[PDB]
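Peer 1: My questions will all concern the structure given below.
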Amino acid sequence: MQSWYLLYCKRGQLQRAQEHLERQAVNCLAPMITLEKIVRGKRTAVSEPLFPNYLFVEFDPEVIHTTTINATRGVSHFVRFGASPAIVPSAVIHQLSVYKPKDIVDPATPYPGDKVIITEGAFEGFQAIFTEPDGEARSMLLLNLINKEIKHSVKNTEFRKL
Amino acid sequence: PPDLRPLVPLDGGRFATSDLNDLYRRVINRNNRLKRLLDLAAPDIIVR
DNA sequence: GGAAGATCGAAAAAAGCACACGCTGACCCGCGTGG
DNA sequence: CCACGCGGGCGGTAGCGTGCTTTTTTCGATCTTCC
RNA sequence: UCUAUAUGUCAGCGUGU
């Protein structure tokens, strides 16, 4: 009978492993959320998964062997405790199907109106209040001078979150 | 201390990195990932 | 008459393998991702 | 085509290994000895 | 002696033993 297994995938290869597994006709589940990342400074709405580099594959070992899945392109290794691979109970799968959080991620640390440190250009090593990308590749900050801070747009890749 | 695991310049624009630095980086990355997963209220198998 | 300890050969794991000097090469993350 | 920033066994839809000696620990199988 | 010149390992060797 079909059972659920947990798979650790390679870095940035979750999508490719997903397509490869769907080619082999095995059901897979992975948490998915679309939200606003910063992506090297350009605030864009894209999709990333909760619990990154993890997949839940439902398959019967009789139909397709475990080693075949282990050798699937884009899949790093089975999540196994002891010799045998781990078995995910159906209750966990149900909870995951109802598991719908709204959170943020470390690459998405700087949101509208927060402290960001500029470390490049003529303003290297200073603190500013960041509000919004104007366009895509231009983000502005409350650049601080000796007297006061004034809004000004700087290159996105130069600054980083504190 | 960093001096006991120095980051010697490679004289070619790169940096020769000791194995201790790599091990510390791996430990720090794993600790940060575990902290994020715990803060995300992840289920039993993933956190284990 | 079944448990306890016991023991005994066999399998698995750990630690070691001299000193000093001179020379050469060959690195000292790669890759999906992003702009 | 110029950075870049995190998992890492590698790569693949599996298997890679493969010429020492001594010491220590533990285990299965038996045994044997009894209360 | 912080006055110049201020790295590591792996592989291949060779020398004295």
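Coordinate-derived values only; no laboratory data. Cβ: placed from backbone, ideal geometry, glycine included. Neighbour counts: every protein chain shown.
Peer 1: Can you spot a residue in region A:60-78 that is touching a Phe, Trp or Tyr at 6+ places or on another chain (Cβ under 9 Å), within 14 Å of chain B (Cβ to nearest Cβ) and surrounded by 15 or more Cβ atoms within 10 Å (Cβ to Cβ)?
Peer 2: Scanning region A:60-78, I find at least one residue that is touching a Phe, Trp or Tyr at 6+ places or on another chain (Cβ under 9 Å), within 14 Å of chain B (Cβ to nearest Cβ) and surrounded by 15 or more Cβ atoms within 10 Å (Cβ to Cβ), so the answer is yes.
Peer 1: Which one of these does A:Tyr54 not meet: (1) among the hydroxyl-bearing types (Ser, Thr, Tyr); (2) within 14 Å of chain B (Cβ to nearest Cβ); (3) within 14 Å of DNA strand C (Cβ to nearest atom)?
Peer 2: Failing condition for A:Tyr54: (3).
For (1) free of Cβ contacts under 8 Å to residues at least 12 places away in the same chain; (2) within 30 Å of A:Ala137 (Cβ to Cβ); (3) among the small types (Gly, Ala, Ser), each residue gets a yes or a no:
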{"residue": "A:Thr34", "(1), (2), (3)": "no, yes, no"}
{"residue": "A:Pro61", "(1), (2), (3)": "no, no, no"}
{"residue": "A:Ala71", "(1), (2), (3)": "yes, no, yes"}
{"residue": "A:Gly74", "(1), (2), (3)": "no, no, yes"}
{"residue": "A:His77", "(1), (2), (3)": "no, no, no"}
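Peer 1: Which residue out of A:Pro101, A:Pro107 is surrounded by fewer than 13 Cβ atoms within 10 Å (Cβ to Cβ), closer than 19 Å to B:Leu38 by Cα and in contact with a strand residue (DSSP E or B) (Cβ under 6 Å, 6 or more places away or on another chain)?
Peer 2: None of the others qualify; the one that does is A:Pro107.
Peer 1: A:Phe51 versus (1) touching a residue at least 24 places away in the same chain (Cβ under 8 Å); (2) assigned to a loop (DSSP other than H, G, I, E, B); (3) not small (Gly, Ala, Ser): which is the lone unmet condition?
Peer 2: Answer for A:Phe51: the failing condition is (1).
Peer 1: Sticking with this one: Against the conditions (1) under 30 Å from A:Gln95 (Cα atoms); (2) within 10 Å of DNA strand D (Cβ to nearest atom); (3) among the acidic types (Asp, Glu), where does B:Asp22 fall short? Just the number, please.
Peer 2: Condition (1) is where B:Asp22 drops out.
Peer 1: Now a separate question. Across region A:26-56, what is the total count of residues that are loosely packed, with under 13 Cβ neighbours inside 10 Å and either within 16 Å of RNA strand E (Cβ to nearest atom) or basic (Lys, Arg) (or both)?
Peer 2: 1
Peer 1: Mind listing just one residue for me: the one in region B:26-43 that is of a type in the set (D, E, K, R) and loosely packed, with under 11 Cβ neighbours inside 10 Å and, of those, farthest from DNA strand D (Cβ to nearest atom)?
Peer 2: Filtering region B:26-43 for residues that are of a type in the set (D, E, K, R) and loosely packed, with under 11 Cβ neighbours inside 10 Å, the one farthest from DNA strand D (Cβ to nearest atom) comes out as B:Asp39.
Peer 1: Looking at region B:3-25, is at least one residue hydrophobic (A, V, I, L, M, F, W, C), surrounded by 10 or more Cβ atoms within 10 Å (Cβ to Cβ), away from DNA strand C (no atom under 12 Å from the Cβ) and closer than 20 Å to A:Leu50 by Cα?
Peer 2: no
Peer 1: Could you please find all residues in region A:16-43 being more than 30 Å from A:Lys155 (Cα to Cα) and within 8 Å of DNA strand C (Cβ to nearest atom)?
Peer 2: Result: A:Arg16, single match.
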